[PDB]
């Protein structure tokens, strides 16, 4: 299918937004990612863009005016005046008020929407925004470290020129905000693989399939702890191939949350960077306009490895396992390699379990026209 044009979205300020002491979400991992892929020489093979700050108008294509007005006004110095609005909008604990919160939203969002525009104009084959993928944000509520749903906004942009858009979520968490936004439409099919059971957000049961015109257009693959490259790989390609066959999207959004990697601080999966990136390779074979977004990921050396390698995959560019020198080199010890090993943790996802869920999903996919 050829090497593809890749446009990549990054703002150097992004790494300076700070969720607070102890908060596992570290925007600095996006800067670590950028610096690593600069030092691999990958800027030579792609267009690097500094995205615009998305305006309140752009955000209110999905989010309510009142919620965006709040995000735009709330600061640590006036939180006291806003205690009621904070509880209503779920801001102040998991989704804290931090300095520059709204600008972080604007730059995260701006990358995804700019990427979608560039794909619409057929000026690129792929667009990458590792500051995006904030799948949990709802119309009028922050959730799961997410305030603005850049994904829903980017998909709404895509829907101006694309009758059918496919969203695929390989973050360990269910892509609930994206699913919810598009639950009653057949113009977006949402496909999420995630741990399910005693795990945030609590949604993404197999039996959640959409409603109304969107019935059979939400697909959820619930999983247990310890899924490995082989088990994930044996279901991701068959499922996505059947989705592509049945749904025939003209554009794809892939959320590449790296908390599905082995050794993630918050995750419980056992994928390597190659196992994760194989999803990008599979989606790439269909030769559809593709927006690649970030997501979760909490062992930040592994996040930078993962998204560097997946930029290389987008570019069809082999990179050495020997990490180049970079501003964060010491974070990659003791090995200073790109690729990671899986752990000895038990795969609770039996081969029969994975095949059974697959077959149920296949029954649901038959129900498309």
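Positions refer to the first chain, counted from 1.
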(request) Could you check which stretch, 297-305 or 57-65, carries the larger mean CA temperature factor in the entry? (result) 57-65
(request) Would you determine, from the values in the PDB entry, which of 128-136 and 238-246 has the greater average C-alpha temperature factor? (result) 238-246
(request) Could you say which of 194, 121, 276, 72 has its CA atom at the highest B factor, as listed in the PDB entry? (result) 72
(request) Using the temperature factors in the entry, find which of 112, 260, 190, 83 has the highest value at its Cα atom. (result) 83
(request) Using the B-factor values recorded in the entry, state whether the Cα atom of residue 36 falls in the lowest, middle or highest third among the modelled residues of its chain. (result) middle
(message) Quick check on the deposited entry: does the C-alpha B-factor of residue 177 sit in the lowest, middle or highest third of its chain?
(response) middle
(request) Could you tell me which third, lowest, middle or highest, the C-alpha B-factor of residue 357 occupies within its chain? (result) middle
(message) Could you place residue 338 in the lowest, middle or highest third of its chain by Cα temperature factor, using the values in the record?
(response) lowest
(message) Quick check on the deposited entry: does the C-alpha B-factor of residue 144 sit in the lowest, middle or highest third of its chain?
(response) middle
